[PDB]
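Right, one structure below, let's go through it.
Protein chains in written order, with the working numbering: chain A, 194 to 255; chain B, 194 to 255.
What follows is the structure, given as structure tokens:
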């Protein structure tokens, strides 16, 4: 909801390392892999769940 | 796709002259009439084809 006001809507998707840990995601930023992919949000649906975001791989980066 | 990242997405609508010819459009810019109609894009669908783009008449210009 905070990025809606932004002129450019975009989202980055990364890859987590082995031994996934939800706590470590918020505790340590080194768990996530350096490589990532930035893209543009298409449209929010939130049909049944409040978060149903759509993610696509558009611009890969390291 | 290039205009999606643009802050202001707009599409221009013009009118072709007599003796329609696709090659002349890319070869000579005189074929298309000077008068145009700029308008904003609504939403891309591409249901059957990969290019199905909507045009509206909002701001006429000469």
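Every residue gets a Cβ at the ideal spot worked out from N, C-alpha and C, and that includes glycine.
State the CB to CB distance for the pair residue i and residue j, rounded to an integer number of angstroms; the pair is presumed to be in contact (CB under 8 Å).
i: residue 203(A); j: residue 233(A); result: 5 Å
i: residue 198(B); j: residue 201(A); result: 7 Å
Which residues mark the beginning and the end of the beta strand (DSSP E) in which residue i is found?
i: residue 206(A); result: 204–209
i: residue 218(A); result: Residue 218(A) -> not in any beta strand (DSSP E); alpha helix (DSSP H) instead, spanning 215–220.
i: residue 247(B); result: Where residue 247(B) is concerned, there is no enclosing beta strand (DSSP E), given that its DSSP letter is neither H nor E.
i: residue 270(B); result: Residue 270(B) lies beyond the range of chain B shown here (194 to 255); nothing can be said about it.
From the options, pick the residue whose C-alpha is nearest to that of residue i; which is it?
i: residue 245(A); options: 252(A), 218(A), 236(A); result: 236(A)
i: residue 194(A); options: 254(A), 243(A), 255(A); result: 243(A)
Cutting at 8 Å between CB atoms, please list the residues of its own chain near residue i, excluding the five before and the five after it.
i: residue 215(A); result: none
Among residues of its own chain, excluding the 5 on either side of residue i, which ones have a beta-carbon nearer than 6 Å to its beta-carbon?
i: residue 205(A); result: 229, 231
i: residue 249(A); result: 232
CB of residue i to nearest heavy atom of the ligand ATP: below 6 Å?
i: residue 209(A); result: Absence of the ligand ATP is noted for the structure shown, with no ligands found whatsoever.
*Report yes or no: do three or more beta-carbon pairs, one from the stretch 203–217 of chain B and one from the stretch 226–233 of chain A, lie closer than 8 Å?*
In short, these stretches do not touch, since the Cβ pair count stays below three.
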